[PDB]
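Reviewing the structure listed below.
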Amino acid sequence: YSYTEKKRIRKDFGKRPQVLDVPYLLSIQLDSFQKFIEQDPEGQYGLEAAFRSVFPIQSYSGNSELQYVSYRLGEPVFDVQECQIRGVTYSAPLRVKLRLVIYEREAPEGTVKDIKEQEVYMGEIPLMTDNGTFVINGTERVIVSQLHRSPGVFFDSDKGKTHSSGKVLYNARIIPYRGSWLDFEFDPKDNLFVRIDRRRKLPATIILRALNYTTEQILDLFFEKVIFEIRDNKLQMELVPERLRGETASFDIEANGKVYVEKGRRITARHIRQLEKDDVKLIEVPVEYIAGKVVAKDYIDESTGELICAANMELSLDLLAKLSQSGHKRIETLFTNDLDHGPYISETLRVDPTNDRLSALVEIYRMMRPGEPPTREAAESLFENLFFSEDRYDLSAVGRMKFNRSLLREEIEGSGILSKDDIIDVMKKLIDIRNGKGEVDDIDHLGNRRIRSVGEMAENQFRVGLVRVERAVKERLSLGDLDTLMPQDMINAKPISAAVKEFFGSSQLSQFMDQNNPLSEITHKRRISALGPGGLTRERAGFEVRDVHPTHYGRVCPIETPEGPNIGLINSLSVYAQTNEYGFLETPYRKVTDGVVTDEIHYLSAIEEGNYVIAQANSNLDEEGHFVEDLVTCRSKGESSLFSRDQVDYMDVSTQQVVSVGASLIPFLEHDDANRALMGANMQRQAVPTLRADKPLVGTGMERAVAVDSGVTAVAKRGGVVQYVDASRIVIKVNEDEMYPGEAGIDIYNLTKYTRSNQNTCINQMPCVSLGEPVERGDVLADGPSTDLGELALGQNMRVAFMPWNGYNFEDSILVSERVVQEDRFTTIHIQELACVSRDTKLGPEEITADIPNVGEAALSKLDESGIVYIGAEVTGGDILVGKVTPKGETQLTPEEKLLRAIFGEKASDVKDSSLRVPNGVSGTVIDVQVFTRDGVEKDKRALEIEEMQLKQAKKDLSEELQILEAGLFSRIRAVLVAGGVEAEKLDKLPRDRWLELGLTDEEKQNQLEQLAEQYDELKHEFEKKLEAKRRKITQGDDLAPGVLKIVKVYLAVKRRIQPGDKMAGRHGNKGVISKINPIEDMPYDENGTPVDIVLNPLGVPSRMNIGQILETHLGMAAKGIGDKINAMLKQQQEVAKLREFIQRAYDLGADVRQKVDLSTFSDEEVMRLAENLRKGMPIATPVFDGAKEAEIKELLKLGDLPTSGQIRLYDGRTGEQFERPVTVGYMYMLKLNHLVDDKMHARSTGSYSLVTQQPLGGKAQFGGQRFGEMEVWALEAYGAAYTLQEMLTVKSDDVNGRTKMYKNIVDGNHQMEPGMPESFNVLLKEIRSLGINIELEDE
Amino acid sequence: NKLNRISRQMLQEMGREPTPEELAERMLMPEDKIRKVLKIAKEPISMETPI
Amino acid sequence: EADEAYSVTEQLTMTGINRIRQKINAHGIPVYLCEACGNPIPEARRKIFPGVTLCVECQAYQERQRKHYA
Ligand SMILES: [Zn+2]
């Protein structure tokens, strides 16, 4: 057992052993990006891969070729922290080595010269954080992994609704990774069609002619030959003894001196057994059977040299005679059978307007680009570029694999583009399914859905970046002079960097990190979407893809999906899932060899998994690991049933692997209706981080994995002991084993302190270890927000009791005791960023001066001489954060204003008041001020004080490093000097700086002292440069936008408590909005007097079948019971014996669990610290489907000395009398979600109005009035509310004249309206009148 | 026109792009006028731009 | 809210199953000659299904045929 486990150990129910512990939850995001940006000395996907495709680039056959060498990534311009404050994107410069060779004219190739131009710069490409996010403009963003249809060929249906005949249809689609689509589809008439892209439908055979196939080769390829001999006079026929199946005799069919079948008897198994066994090769026939047969090849008249019959022309009893008398012994015909081999391709040729190669190539060109004339060179080139160019087409390897896979080939890799064979083989396979042999695919199966993520999608955006630079490079290499231009002159930077900046900036897949919660971050980075580029659209599909598919078991979560307009269009990644080598979704299983269950694990992709028979998660195996029962519930080929002991090939890894990180965090999930479970893991992520990181009394076990794997916590790099612990930083003196030989030293973790999140919540780290405590590698060193002691604590649990409380929980509303708001415990800290801009207007420059017209010193108290609010000033609504004034001269005031200025003597100023002031109603403490000034404008007073202070702090920080790192390094020098010259007391008298001189006798210890010297002087110099650059960055001109001189950003720390209106919910989809905040006097209490924190409504529980919230409440009740027991014994100071005796009893409980525990923990100093951490309650773990059972809960209630009912009697705090019936009380972990009321509440009397439409508009955040849409008008129309409606869309909004006439009347105390006409309609009259239309208002 | 061209040679040459007071030196005039120039030089934006 | 979504599901599920259930009727009693083709009906089908009118041969066939046109 570890070090931050020894502190507090969660009692774990659940029997099934963990065989594989949860891997890094951010595996997907971090892995994929690492592959994209990395030197790979071969083709595997990456920047190397993208390059190698387009490169080498060569000029227009001018034999001036530009080839690609290799690429490097410059160091980040700013590091993570730096890049965020200023607002740059976190990127690295991409430097690629290019070689320009020139071939002589005319050349057996070889070069006059080649300049090997060093790494031209082509933009900066963003970099991924340590924790899987990007920074685009100082704002953390996530790139959502996408789910789209796998490249390859897929045969589909479109049954039923088509045409209202039933019949069904069958279509094939060739979907390449890049390049045009190739669609093959049937119709009711059983004609094969093709359409490129989604374009005009065309007769399918046209592509064969484009591949230089004439009519004869199409028949030869798609059809068999029925050879007709003219032997003697009039017609024999080659008979295949099989051809006659699925047909009836056409005539007197006889051969071999015996009539096998006469006219009119269908050729069945009898007739075909006879023919095949009797070897009937040749039969004599009438001249009329070829009346329908189609002649195969071309036959011309040997004498006149004229065409008798063109290939694919049907013969007639007269047509045969014309080619029979010409001496033609062979006539090849088509075998046509509408059950087995249908005359499909034959009919297609009859619909084709083309004939030769250029004939079809034109019809393809004129379809793609109608309106412009076809050409010989145009039509030929277009087709070769569509499916046969390495540049404009690629299936990739995965595309080639599924292609070969779906077609029953052997090669798993091959051509990257389609060949004449590839296209033909597909057309072949499509026909087979229509014949009844073979089945169609479905889009939904996760073996036909592929996962892309950041690493791949950036590659593609880089590839397009080059194709638009490639045109440009080829263009320059055409005319380029001799040895003057070099491969930098041609390659611009903006074109490359724009094509990649485009993606990470605005894309459906690049979004603001959902970061109010370590679960929210981790659940976002593990997310899928079938929307956006290359995926489905909400308006397209279509319920099948939204629905949960059987193949989702252990790959995609069935329960964690959004609840909105795109349900099932998102989904969330399952816990143990991983991405296949080929890019499919696989999941872990256990290899069941014969009847034993092994521990060697295998990853099976969606296609791989179907075949095998997989056992179940909850399956009892004992001793060697035989299946206990002779029959075990298992699932194999898409269904689930009971199976034999030794038929099972694999078994589920965990009881958990089907859900997501969100879903797995719900305790007693098994007991919760699936719908409400969705809402649970949906709202869990909306939990705003609390003031005091609690901890769930009722947990699942995952909370430690989510806290650590999410970056929010500070996890020990190397194991060792703590040298220094500050609320600011933590220094770890590394153990020797883990410590590297040189530079020695200590690991120093600088903590993140109070700072703004994306959702204005506060993200603050705190130290969770004390001075000189042992920590090992991979220990928890500091808690993030909403993490406690290494566990993920998204909220704070409290004492909850289910009962009606005089209606203050009517619907799902919640009733809360004052003790909660007094305890500041659901109090939540928010950080808003407010900025002031000094711009340039036509009239002049804005100044940030503190001289503000018509304001008293009351304002200028919180403002310094320069005009910026002081750090630390607690301000509320209206207080000025940054004084600002805009040039507006000669006001042209009116008489009565003029007379007023003369009576009271105000020097009517030539400057407007534009200062940044605190928004009405919100109130907090100023904790930081930043000033960004144009390069070359003089830093004002306060601005210079700040950039001086940032300097003094930065110098202190860097030197603190050196002081700790020196002493840490010198401390190692001291110990190696002691090994062969130990002068303990003699050594540390003299100045420590004067140590480097002491040497050592012949040994490696002489070479070891040598190592620490190098890295000392490097600390000495790396300090110097780290301090230097830091100093330049502060004074350097902060670069801004056009028109803007300087900007002040003020950061506020508002501390919001909790009030009626806030949305709160438990983890089981039980929402509720706190309704009244009650006095502790009025709360339900028990015979011990202890009030209850929340009073929930029992009605919310039966309807919404979330029964886990009750189990949670009871187990929570028992978990606090163990707490109350230890708290008494710890206050009794009973001594280790009485305490340890009681703790040991708790962690076993009944028998058969998985827990294990002491007495190993050092029976004193370690055992006591634990007891403390438990007195608040004993943390229990209910795994997802391995959870606790009622008996274990009731049993733990016994130990806590609490009733098994889970219910007690309560007393009304007001009347003091008993409550009839026992009520349930207990502890339920509850979240406060960030739909906090004082963010939702808006009101407006009279505000801003839109220019175009004189209509209430939000401008100063005194927001626009409520919108009164169509349906709200029918409301007033259904009442008689004629005036209420007029006023609603006249004076209250649209009537530019009426609104002021009204407001004046309102204050005069006359409630009337003088309405007139809405400007909305006034503009229509003009808008219509400005068309050719004379629209008037008639009459009177 | 001159201003777009100076930024080209100096786009890849200066790793990024020359400072607002660098092209000012390249160009013959008062060189603070670049701001004044660059302001009117922009085309207005389509009011019916989707947000 | 959301509760209704669950409600919706229950009504749908119930209706589909019910239709299926009815397609078996109840206490029937009759003869043994198949109405399609006269083949012998065994008392097993008579006692499993009260009122069976289709031999096992026809109780596939037709089912089979429907599938084919799908
Ligand atoms: Zn029958």
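By convention in this document, the chains of the structure tokens carry letters A, B, ... by their order, each chain's residues are numbered from 1, and ligands are numbered from 1 in the order they are shown.
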Could you list the residues in chain B lying within 12 Å of chain A, using only C-alpha atoms, and format the result as number ranges by chain? B: 7-17, 19-22, 32, 34-42, 47-48
Next, dump the selected residues to file, keeping only C-alpha atoms, as a PDB file, in the first residue's frame.
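As written to disk, again.pdb reads:
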```pdb
ATOM      1  CA  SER B   7       6.367  42.271 -46.117  1.00  0.00           C
ATOM      2  CA  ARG B   8       7.053  39.431 -48.580  1.00  0.00           C
ATOM      3  CA  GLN B   9      10.852  39.550 -48.788  1.00  0.00           C
ATOM      4  CA  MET B  10      10.807  40.114 -45.030  1.00  0.00           C
ATOM      5  CA  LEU B  11       8.094  37.538 -44.254  1.00  0.00           C
ATOM      6  CA  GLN B  12      10.356  34.510 -44.321  1.00  0.00           C
ATOM      7  CA  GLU B  13      13.470  36.669 -43.905  1.00  0.00           C
ATOM      8  CA  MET B  14      12.565  37.853 -40.406  1.00  0.00           C
ATOM      9  CA  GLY B  15      11.141  34.477 -39.381  1.00  0.00           C
ATOM     10  CA  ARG B  16       7.755  36.144 -38.831  1.00  0.00           C
ATOM     11  CA  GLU B  17       7.092  39.657 -40.183  1.00  0.00           C
ATOM     12  CA  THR B  19       7.488  45.292 -36.868  1.00  0.00           C
ATOM     13  CA  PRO B  20       5.039  48.186 -37.610  1.00  0.00           C
ATOM     14  CA  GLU B  21       8.025  50.533 -37.382  1.00  0.00           C
ATOM     15  CA  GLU B  22      10.267  48.371 -39.600  1.00  0.00           C
ATOM     16  CA  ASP B  32       4.065  56.810 -38.701  1.00  0.00           C
ATOM     17  CA  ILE B  34       1.596  53.650 -42.049  1.00  0.00           C
ATOM     18  CA  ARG B  35      -0.987  53.461 -39.273  1.00  0.00           C
ATOM     19  CA  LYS B  36      -2.948  56.307 -40.900  1.00  0.00           C
ATOM     20  CA  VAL B  37      -2.578  54.603 -44.299  1.00  0.00           C
ATOM     21  CA  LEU B  38      -3.377  51.101 -43.041  1.00  0.00           C
ATOM     22  CA  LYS B  39      -6.583  52.338 -41.365  1.00  0.00           C
ATOM     23  CA  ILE B  40      -8.349  53.659 -44.449  1.00  0.00           C
ATOM     24  CA  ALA B  41      -6.731  50.968 -46.606  1.00  0.00           C
ATOM     25  CA  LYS B  42      -9.083  48.349 -45.172  1.00  0.00           C
ATOM     26  CA  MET B  47     -22.874  44.232 -42.295  1.00  0.00           C
ATOM     27  CA  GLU B  48     -24.799  41.034 -43.042  1.00  0.00           C
TER      28      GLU B  48
END
```
Could you please select, counting only C-alpha atoms, the residues of chain A within 9 Å of chain C and state them as a ChimeraX atom specification? /A:159-160,166-168,675-676,1103-1104
May I have the residues from that selection written out with N, CA and C atoms, as a tab-separated table (two decimals), in the first residue's frame?
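And here is the file that came out, part-v9.tsv:
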```
chain	number	residue	atom	x	y	z
A	159	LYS	N	-33.76	-0.32	-48.81
A	159	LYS	CA	-34.95	-1.15	-48.92
A	159	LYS	C	-36.22	-0.33	-48.69
A	160	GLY	N	-37.36	-0.95	-48.97
A	160	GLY	CA	-38.67	-0.42	-48.61
A	160	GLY	C	-39.04	0.89	-49.26
A	166	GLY	N	-41.43	-2.05	-52.61
A	166	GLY	CA	-40.64	-2.97	-51.82
A	166	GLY	C	-39.37	-3.37	-52.53
A	167	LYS	N	-39.42	-4.44	-53.33
A	167	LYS	CA	-38.32	-4.92	-54.19
A	167	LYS	C	-36.94	-4.92	-53.52
A	168	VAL	N	-36.60	-3.82	-52.84
A	168	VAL	CA	-35.28	-3.38	-52.35
A	168	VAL	C	-34.40	-2.94	-53.52
A	675	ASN	N	-32.05	6.22	-18.51
A	675	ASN	CA	-32.28	7.63	-18.85
A	675	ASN	C	-31.69	8.56	-17.80
A	676	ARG	N	-32.04	8.35	-16.53
A	676	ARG	CA	-31.58	9.27	-15.49
A	676	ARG	C	-30.07	9.20	-15.33
A	1103	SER	N	-41.07	8.21	-9.67
A	1103	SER	CA	-41.34	8.43	-11.08
A	1103	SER	C	-40.08	8.23	-11.91
A	1104	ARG	N	-39.10	9.10	-11.69
A	1104	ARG	CA	-37.77	8.94	-12.26
A	1104	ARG	C	-37.10	7.75	-11.58
```
Kindly work out which residues sit at most 12 Å from ligand 1, using only C-alpha atoms and all ligand atoms, and give the list as a VMD selection string. chain C and resid 32 to 42 52 to 62
Next, dump the selected residues to file, keeping only N, CA and C atoms, as an mmCIF file, in the first residue's frame.
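And here's selection25.cif as it stands now:
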```
data_model
loop_
_atom_site.group_PDB
_atom_site.id
_atom_site.type_symbol
_atom_site.label_atom_id
_atom_site.label_comp_id
_atom_site.auth_asym_id
_atom_site.auth_seq_id
_atom_site.Cartn_x
_atom_site.Cartn_y
_atom_site.Cartn_z
ATOM 1 N N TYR C 32 -57.874 -31.326 -37.673
ATOM 2 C CA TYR C 32 -56.475 -31.652 -37.925
ATOM 3 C C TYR C 32 -56.023 -31.497 -39.374
ATOM 4 N N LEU C 33 -56.925 -31.266 -40.324
ATOM 5 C CA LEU C 33 -56.520 -31.112 -41.715
ATOM 6 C C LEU C 33 -56.003 -29.702 -41.962
ATOM 7 N N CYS C 34 -54.824 -29.608 -42.572
ATOM 8 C CA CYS C 34 -54.292 -28.304 -42.936
ATOM 9 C C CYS C 34 -55.214 -27.629 -43.941
ATOM 10 N N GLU C 35 -55.463 -26.332 -43.743
ATOM 11 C CA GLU C 35 -56.325 -25.638 -44.691
ATOM 12 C C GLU C 35 -55.639 -25.355 -46.025
ATOM 13 N N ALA C 36 -54.305 -25.272 -46.050
ATOM 14 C CA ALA C 36 -53.620 -24.991 -47.308
ATOM 15 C C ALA C 36 -53.518 -26.231 -48.188
ATOM 16 N N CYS C 37 -53.187 -27.373 -47.580
ATOM 17 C CA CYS C 37 -52.721 -28.530 -48.338
ATOM 18 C C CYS C 37 -53.068 -29.861 -47.686
ATOM 19 N N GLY C 38 -53.806 -29.877 -46.576
ATOM 20 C CA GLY C 38 -54.286 -31.108 -45.987
ATOM 21 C C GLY C 38 -53.288 -31.961 -45.223
ATOM 22 N N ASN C 39 -52.035 -31.533 -45.061
ATOM 23 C CA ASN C 39 -51.063 -32.419 -44.432
ATOM 24 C C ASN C 39 -51.442 -32.669 -42.968
ATOM 25 N N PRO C 40 -51.141 -33.877 -42.440
ATOM 26 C CA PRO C 40 -51.412 -34.188 -41.021
ATOM 27 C C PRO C 40 -50.905 -33.224 -39.949
ATOM 28 N N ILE C 41 -51.818 -32.646 -39.173
ATOM 29 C CA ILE C 41 -51.474 -31.823 -38.016
ATOM 30 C C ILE C 41 -51.277 -32.730 -36.802
ATOM 31 N N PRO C 42 -50.099 -32.758 -36.178
ATOM 32 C CA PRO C 42 -49.929 -33.576 -34.975
ATOM 33 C C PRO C 42 -50.588 -32.894 -33.781
ATOM 34 N N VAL C 52 -54.588 -24.320 -34.040
ATOM 35 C CA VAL C 52 -53.630 -24.288 -35.142
ATOM 36 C C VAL C 52 -54.289 -24.767 -36.428
ATOM 37 N N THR C 53 -54.067 -24.035 -37.524
ATOM 38 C CA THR C 53 -54.639 -24.416 -38.807
ATOM 39 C C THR C 53 -53.585 -24.656 -39.885
ATOM 40 N N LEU C 54 -52.298 -24.549 -39.559
ATOM 41 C CA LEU C 54 -51.218 -24.635 -40.540
ATOM 42 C C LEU C 54 -50.242 -25.695 -40.051
ATOM 43 N N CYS C 55 -49.975 -26.703 -40.876
ATOM 44 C CA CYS C 55 -48.904 -27.650 -40.586
ATOM 45 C C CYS C 55 -47.528 -26.985 -40.450
ATOM 46 N N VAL C 56 -46.631 -27.685 -39.735
ATOM 47 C CA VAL C 56 -45.279 -27.191 -39.448
ATOM 48 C C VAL C 56 -44.594 -26.807 -40.746
ATOM 49 N N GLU C 57 -44.866 -27.582 -41.792
ATOM 50 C CA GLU C 57 -44.360 -27.300 -43.126
ATOM 51 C C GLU C 57 -44.861 -25.949 -43.609
ATOM 52 N N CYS C 58 -46.161 -25.699 -43.477
ATOM 53 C CA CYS C 58 -46.673 -24.411 -43.913
ATOM 54 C C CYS C 58 -46.377 -23.311 -42.901
ATOM 55 N N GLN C 59 -46.024 -23.652 -41.659
ATOM 56 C CA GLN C 59 -45.820 -22.633 -40.636
ATOM 57 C C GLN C 59 -44.399 -22.097 -40.708
ATOM 58 N N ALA C 60 -43.583 -22.689 -41.585
ATOM 59 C CA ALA C 60 -42.248 -22.250 -41.980
ATOM 60 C C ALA C 60 -42.569 -21.584 -43.305
ATOM 61 N N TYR C 61 -42.442 -22.327 -44.420
ATOM 62 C CA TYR C 61 -42.753 -21.871 -45.782
ATOM 63 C C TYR C 61 -43.200 -20.411 -45.793
ATOM 64 N N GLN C 62 -44.473 -20.160 -45.466
ATOM 65 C CA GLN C 62 -45.011 -18.799 -45.464
ATOM 66 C C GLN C 62 -44.070 -17.858 -44.714
#
```
Long-range neighbours of residue 96 of chain A as a list in words, 6 Å cut-off, only C-alpha atoms, 6 positions minimum in chain: residues 70, 71, 119 and 120 of chain A
Contacts of residue 333 of chain A within 8 Å, only C-alpha atoms, excl. fewer than 2 positions in-chain, as a PyMOL selection string: chain A and resi 224-228+293-296+331+335
Kindly give the distance, in Å, that separates atom CA of residue 308 of chain A and atom CA of residue 322 of chain A, rounded to a single decimal.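 Pair atom CA of residue 308 of chain A / atom CA of residue 322 of chain A returns 7.4 Å.
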Close residues, segment 537-543 of chain A itself excluded, 9 Å, only C-alpha atoms, min 4 positions apart in chain, as JSON, numbers by chain: {"A": [530, 531, 532, 547, 565, 566, 568, 569]}
